[PDB]
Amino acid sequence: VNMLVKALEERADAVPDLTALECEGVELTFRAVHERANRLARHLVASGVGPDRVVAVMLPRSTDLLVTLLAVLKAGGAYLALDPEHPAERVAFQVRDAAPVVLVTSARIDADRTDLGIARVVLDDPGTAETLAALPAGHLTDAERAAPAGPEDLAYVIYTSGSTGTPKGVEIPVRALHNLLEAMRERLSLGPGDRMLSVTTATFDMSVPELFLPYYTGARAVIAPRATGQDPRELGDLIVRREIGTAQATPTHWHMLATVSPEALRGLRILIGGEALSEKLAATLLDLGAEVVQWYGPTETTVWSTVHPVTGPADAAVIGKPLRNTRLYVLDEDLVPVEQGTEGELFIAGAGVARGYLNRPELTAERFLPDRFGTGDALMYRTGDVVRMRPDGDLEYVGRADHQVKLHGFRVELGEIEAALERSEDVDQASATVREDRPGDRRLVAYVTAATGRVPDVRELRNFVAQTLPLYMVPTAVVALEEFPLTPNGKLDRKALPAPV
């Protein structure tokens, strides 16, 4: 009933001698990747892995990481990716919450980062390496598993970035990850020959396609080394040197790549998603020659749930059409569907919906409602995002249900202000926000970076805006910054923009 592993293995048997991973002039074949992963999967099964059991994984970005995650699935378990640079506490919360059976890790990480209270399977330990390399290396029969793997069995537990709040753990089933990858194979026409770039951190669920989609399709993950993760020059050079057709990043990161490595986007299939895509960015990407495909989706519904090819700068907030076996309801405050063109909160149903939050069963009930247009135990995720349907059936993101109460009797579209600001040649990026620095005095503030070799006069910026937008939308104060604050995932952090006087 685990079609995922059967498909993965069906693929490795049909291209045994192609390359499936490549990292720093090292390549592995499909047969090699799976033999290596099969051996671990047996050793895992001996370490207490079974269906719905969590295998903590703390490994640098490496072929060694991509092999392990594959092993965990083969073992019928579910993986929780830890971060070896994370403070002990971020990692200690996750271990206490998810009760991992075993930690797969490496002996080159400081032994105190891996001293977490779990059993350890350490790949580079002389001995574990001996036992591992000695195990039978064939694909596992279900006899060699702990128990048959169901479609409801967990694939992975990703943890959520709560607004300075208890991190929530999302439980993604196998049928949901299998469904996403199948849709992504179909939308991208991904197969042998094709190279995809694997760069995104494993604790960010946007990585999940970069980790399993090459396995699933017979493409080749070109793993960027850990150092190239933050150097956008080196990534541009890697993209060009190793002829990478497809890569996936947040818009913040795609911006950096254009600023520093314009040539790399020539003939490059960008997958962008995670924040809003400005019209300015969308034009830049297209000017440099990139094929742009936009993906939207909460982590509580796998990774992505909608896709839109961005043909031109108009489409920047068109998040497109639902992926396979996904259903998108845009409903009112009483859970009633709205008429085409009317705004409403986006509810997501179908195969990609998670099982719920991990042992936070109260907040589960508040965000995973019973699927109102489904049956039995089906569930629908309340995204918390407002959308409108255009006549063509495509959807457009409008904003977050919360950040929508009027400012001084008027609805403010904080994107319009940014697009206004981003038309001045002295500005690169703009972010707008409604501030409350003294309670009751809500005010519009906008933030700007500089275009290369220009200085934004932050008073004439208000002039420039005041002739394009309603006066109630002109920011009280504009503020120029050297760089924008970012989240660990490399998204703009609007909660950390400093207040003006």
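Counting begins at 1, following the sequence as shown.
Asker: May I ask you to compare 242-250 and 163-171 by their mean CA B factor in the entry and name the higher one?
Answerer: For C-alpha atoms only, the mean B-factor is higher in 163-171.
Asker: Out of 202-210 and 233-241, which stretch has the higher average CA B-factor listed in the record?
Answerer: Per the deposited B-factors, the answer is 233-241.
Asker: Which is it among 83, 385, 182, 144: the one with the largest CA B-factor in the entry?
Answerer: Comparing C-alpha B-factors across 83, 385, 182, 144, the maximum falls on 385.
Asker: Could you tell me which one of 359, 131, 306, 217 shows the highest CA temperature factor in the PDB record?
Answerer: Reading the PDB entry, the winner on C-alpha B-factor is 359.
Asker: Just say lowest, middle or highest third for the CA B-factor of residue 68 relative to the other modelled residues in its chain.
Answerer: Answer is lowest: the recorded C-alpha B-factor places it there.
Asker: By its CA B factor, does residue 30 count among the lowest, middle or highest third of the modelled residues in the chain?
Answerer: Its C-alpha B-factor belongs to the lowest third of this chain's values.
Asker: Once the chain's modelled residues are ordered by C-alpha B factor and cut into thirds, is residue 22 in the lowest, middle or highest one?
Answerer: Its C-alpha B-factor belongs to the lowest third of this chain's values.
Asker: If you rank every modelled residue in this chain by C-alpha B factor, which third holds residue 38: lowest, middle or highest?
Answerer: Lowest third.
Asker: Classify residue 79 as lowest, middle or highest third according to the C-alpha B-factor given in the PDB entry, relative to its own chain.
Answerer: Bottom third by C-alpha B-factor.
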